[PDB]
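Read top to bottom, the protein sequences are chains L and H.
Using the authors' numbering, you'd call the opening residue of the first sequence number 1 and step up by one each time.
For the second sequence, the positions run 2 to 52, 52A, 53 to 82, 82A to 82C, 83 to 96, 100K to 100L, 101 to 214 when the authors' numbering is used.
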Amino acid sequence: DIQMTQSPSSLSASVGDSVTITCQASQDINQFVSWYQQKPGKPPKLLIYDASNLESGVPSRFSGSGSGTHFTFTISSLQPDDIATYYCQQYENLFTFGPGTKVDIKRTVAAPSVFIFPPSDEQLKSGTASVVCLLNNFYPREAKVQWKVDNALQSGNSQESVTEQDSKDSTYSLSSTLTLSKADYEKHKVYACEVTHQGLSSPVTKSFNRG
Amino acid sequence: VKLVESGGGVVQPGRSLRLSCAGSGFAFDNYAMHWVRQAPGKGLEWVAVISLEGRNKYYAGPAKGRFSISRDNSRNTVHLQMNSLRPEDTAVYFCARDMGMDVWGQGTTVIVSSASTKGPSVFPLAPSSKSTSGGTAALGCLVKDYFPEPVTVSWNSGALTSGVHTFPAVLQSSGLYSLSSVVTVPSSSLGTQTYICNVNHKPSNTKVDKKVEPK
């Protein structure tokens, strides 16, 4: 069936800059596309149809051009409410949304402030242990958390999530929790969270000894 | 104009659920209707379309013959019956009208899981030297092992908003959810100001106020 690419996967530009985003098809779809903008927790909003026709009430700074295989949605002067994920969509035959592309505001790099929390003694009574690592007020969004227990790489037993770009400082924050049994927790000594980020010349490590 | 979805809820894997979509503000028979779904943190996925008078039906791959999209041009409603749902179908389910999809609904959330309704255990994330950085301390509340979403969290009954980060929840391997909410405060304020996270899990009728004191 018809599948569509969206390039890039994420984009960053400053307020007033020109944002150009591409969408590709697995077919010659001529000019039969729509583009949508969707903000967190909100339904999509239709912006452009037939590749170039703006919808009613959509600012003139939103423009598109199309050519069967290669399509360009362009925000000609990025405004602060243009922070969203943008989705192209084909309808030359059936309908398929692209993967989408997130657009955030570009600010200077900010390294994360790293904080680490041992599991509470209340939780340890429950029979489980969660170790929490917080990465605060960093930019850009891309960061890597790597859990180590007595230097061992933890892989697959942690989960993380990220805030949306803060409305006034434009940074992200991330929280990762390492889940492990109380019995495994009491069996190891050094618990460490090692952060990789563009603002760090070398990975920063936050660690504690059980006790 | 307005589309209002209904249905939604926790249903067991393999069991049934029907979604409804009421449309106010226009003649319903002029437009084709869509159902579009969105998994947590994933992009829009087109489910199906119904032709303006119901003659032409088309579905997406992942439907795999399990869904059925019908239409009631007299009641201005479209439906989508889901007979044998898989956890892979967990998502917000949107309504949209088409000739582009200009009008959408706010969406209704289908939760497909065998987990039983459960209120969270609120554990402190106590501030310590290893949660401190140059006079800024971090503290929080781990809202662990609850089902289903949502859980709301404020601090000191809403009197504390600056420096709060309440992170998106995550679905643990156990099928229960877990989220954290963290605040950054001055270090020197630790021994003076009291920090309480007010947690509310209405599906389980559980409200918890958890004071977070240092170690």
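Beta carbons: idealized from backbone N, C-alpha and C, even for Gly.
Cβ shell of residue i (< 7 Å), same chain only, five flanking positions each side left out
i, result
"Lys39 of chain L", "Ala84"
"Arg83 of chain H", "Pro14 and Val111"
"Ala25 of chain L", "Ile2, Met4, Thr69 and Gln90"
"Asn209 of chain L", "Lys189 and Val190"
"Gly106 of chain H", "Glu6, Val89, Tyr90 and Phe91"
"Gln27 of chain L", "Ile2 and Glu92"
"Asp82 of chain L", "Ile75 and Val103"
"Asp169 of chain L", "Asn137"
"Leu189 of chain H", "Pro126, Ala136 and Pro213"
"residue 215 of chain L", "Past the edges of chain L, shown from 1 to 211, lies residue 215 of chain L, and the structure says nothing about it."
"residue 1 of chain H", "Residue coverage of chain H in this structure runs from 2 to 214, which leaves residue 1 of chain H outside it and unanswerable."
"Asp17 of chain L", "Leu78"
"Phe29 of chain H", "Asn73 and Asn76"
"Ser186 of chain H", "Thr131, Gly134, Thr135 and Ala136"
"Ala63 of chain H", "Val48 and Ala49"
"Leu159 of chain H", "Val182"
Residues near residue i in its chain [Cβ-Cβ closer than 8 Å; skip 5 each side]
i, result
"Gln192 of chain H", "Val184"
"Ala33 of chain H", "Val50, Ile51, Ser52, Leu52A, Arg94, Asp95 and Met96"
"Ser115 of chain H", "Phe146"
"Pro80 of chain L", "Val15 and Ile105"
"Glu160 of chain L", "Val145, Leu174, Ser175, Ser176 and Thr177"
"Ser158 of chain L", "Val145, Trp147, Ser176, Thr177, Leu178 and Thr179"
"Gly54 of chain H", "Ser70, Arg71 and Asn73"
"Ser17 of chain H", "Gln81, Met82, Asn82A, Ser82B and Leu82C"
"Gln171 of chain H", "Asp144 and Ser177"
"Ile195 of chain H", "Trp154, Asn155, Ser156, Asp208, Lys209, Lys210 and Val211"
Contact check, residue i vs residue j, beta carbons under 8 Å
i, j, result
"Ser203 of chain H", "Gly118 of chain H", "yes"
"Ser52 of chain L", "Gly41 of chain L", "no"
"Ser120 of chain L", "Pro123 of chain H", "yes"
"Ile21 of chain L", "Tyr86 of chain L", "yes"
"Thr101 of chain L", "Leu11 of chain L", "yes"
"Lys143 of chain H", "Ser127 of chain H", "no"
"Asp72 of chain H", "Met82 of chain H", "no"
"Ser34 of chain L", "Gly100K of chain H", "yes"
"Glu55 of chain L", "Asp101 of chain H", "yes"
"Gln37 of chain L", "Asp50 of chain L", "no"
"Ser21 of chain H", "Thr77 of chain H", "yes"
"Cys140 of chain H", "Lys57 of chain H", "no"
"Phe62 of chain L", "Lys206 of chain L", "no"
Per DSSP, cross-strand counterpart(s) of residue i
i, result
"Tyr176 of chain H", "H:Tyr145 and H:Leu170"
"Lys206 of chain L", "L:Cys193"
"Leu78 of chain L", "Bridge partners of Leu78 of chain L: none, in fact."
"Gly10 of chain H", "H:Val109"
"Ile51 of chain H", "H:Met34 and H:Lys57"
"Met82 of chain H", "H:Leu18 and H:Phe67"
"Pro185 of chain H", "H:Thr135"
"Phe29 of chain H", "DSSP lists no partner for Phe29 of chain H."
"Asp104 of chain L", "L:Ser12"
"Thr193 of chain H", "Per DSSP, none; premise fails for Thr193 of chain H."
"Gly42 of chain H", "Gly42 of chain H is not bridged to any residue."
"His164 of chain H", "H:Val181"
"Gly199 of chain L", "In DSSP, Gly199 of chain L forms no bridge with anything."
"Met4 of chain L", "L:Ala25"
6 Å CB neighbourhood of residue i in its chain, flanking five on each side removed
i, result
"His188 of chain L", "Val149 and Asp150"
"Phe27 of chain H", "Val2"
"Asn199 of chain H", "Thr151 and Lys206"
"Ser130 of chain H", "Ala137"
"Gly156 of chain L", "none"
"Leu124 of chain L", "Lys182"
"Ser68 of chain H", "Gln81"
"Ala40 of chain H", "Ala88"
"residue 229 of chain H", "Not covered by the structure: residue 229 of chain H. The range shown for chain H is 2 to 214."
"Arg141 of chain L", "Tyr172"
"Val162 of chain L", "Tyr172 and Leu174"
Three or more C-beta pairs below 8 Å linking the region 175-184 of chain L and the region 111-130 of chain L: yes
Which complete alpha helix (DSSP H) runs does the region 106-148 of chain L hold, if anything under 4 residues is left out? 121-126
Are the region 83-96 of chain H and the region 4-22 of chain H touching, with three or more C-beta to C-beta distances below 8 Å? yes
Quick one: any contact between the region 108-119 of chain L and the region 185-199 of chain L, if contact means 3 or more CB pairs under 8 Å? yes
Cβ pair count under 8 Å reaching 3, the region 143-163 of chain H against the region 175-182 of chain H: yes
Quick check on the DSSP output: what are the complete beta strand (DSSP E) runs of length 3 or more inside the region 15-96 of chain L, in order along the chain? 19-25, 33-38, 45-49, 62-67, 70-75 and 84-90
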